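Below sits a lone chain in structure tokens, taken as the form deposited without the DNA.
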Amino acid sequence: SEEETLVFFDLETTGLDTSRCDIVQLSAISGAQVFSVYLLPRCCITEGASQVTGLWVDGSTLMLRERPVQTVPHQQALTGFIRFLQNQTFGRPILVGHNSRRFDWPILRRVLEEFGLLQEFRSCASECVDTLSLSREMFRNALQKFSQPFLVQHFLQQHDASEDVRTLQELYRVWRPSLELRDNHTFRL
């Protein structure tokens, strides 16, 4: 199929510096198809990042609160996401991410480049929709806050990237953004 598929994606990271932080969780959903992997970071997870996500490192073991989680090496994790975009969405994907222009895409772009995978990635998706700036337009003089947890509480009445891509996809469905609005918040990868 040559029809468009939306791929909602999200990261959990070691901190807030987009030029430095590593990825600890990489997740995506497209319709019913789900991709989600944990990665063992190559740098320290900040105390603040651990407070928000529950993720911390015990030696070589990534932990989510009291429980170890299984990690995938960076090379394989990133290749898996590329293969998902190439083979698993049953259409031609466009990415969608909250605060993706200023945060998630700069981070993912940098990490992809470290592993020599950026150009292959850009060959399976060309564009990304930023639902942060989109929601700010759609609710410009209406909402006071636009963080995804606030929006999920407000619109769905309910920080794990696998849960968060699912609720972002549901938010997007509730909002039903027009293509003219979406185009205002689409950028090229």
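All residue numbers refer to positions in the sequence shown, first residue = 1.
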- prompt: Are any deposited residues left out of the model between residue 158 and residue 159, and how many (none, 1 to 3, 4 to 9, 10 or more)?
  reply: 4 to 9
query: Hey, which bit's got the bigger mean C-alpha B factor in the entry, 67 to 75 or 93 to 101?
result: 67 to 75
task: Read off the CA B-factors in the entry, average them over 149 to 157 and over 129 to 137, and name the higher stretch.
output: 149 to 157
- prompt: Quick one: which of 26, 55, 29, 43 has the biggest Cα B-factor according to the entry?
  reply: 55
- line: Split the chain's modelled residues into thirds by Cα B-factor; residue 179 lands in the highest
query: Thinking about Cα B factors across the chain, which third does residue 34 belong to?
result: lowest
query: By its CA B factor, does residue 1 count among the lowest, middle or highest third of the modelled residues in the chain?
result: highest
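This protein has a second form, the form deposited with the DNA bound, left out of what is shown; the following refers to that one.
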- request: Counting non-hydrogen atoms within 4.5 angstroms of the DNA in the bound PDB entry, say which of 57, 132, 124, 69 makes the cut.
  value: 132
- prompt: So which of 147, 61, 153, 33 gets a non-hydrogen atom within 4.5 Å of the DNA in the bound PDB entry?
  reply: 147
- prompt: Hey, of 116 to 124, 47 to 55, 34 to 42, 61 to 69, which bit sits against the DNA in the bound PDB entry at 4.5 Å between non-hydrogen atoms?
  reply: 47 to 55
message: At 4.5 Å between heavy atoms, is residue 177 in contact with the DNA in the bound PDB entry?
response: no
message: If we define contact as a non-hydrogen atom of the residue within 4.5 angstroms of the partner, is residue 84 a contact of the DNA in the bound PDB entry?
response: no
4.5 Å heavy atom contact, residue 88 to the DNA in the bound PDB entry: no
message: Taking the DNA as it sits in the bound PDB entry, is residue 165 near enough to touch it, meaning that at least one heavy atom pair lies within 4.5 angstroms?
response: no
statement: Across 78 to 105, the residues having a non-hydrogen atom within 4.5 Å of the DNA in the bound PDB entry turn out to be 98, 99, 103
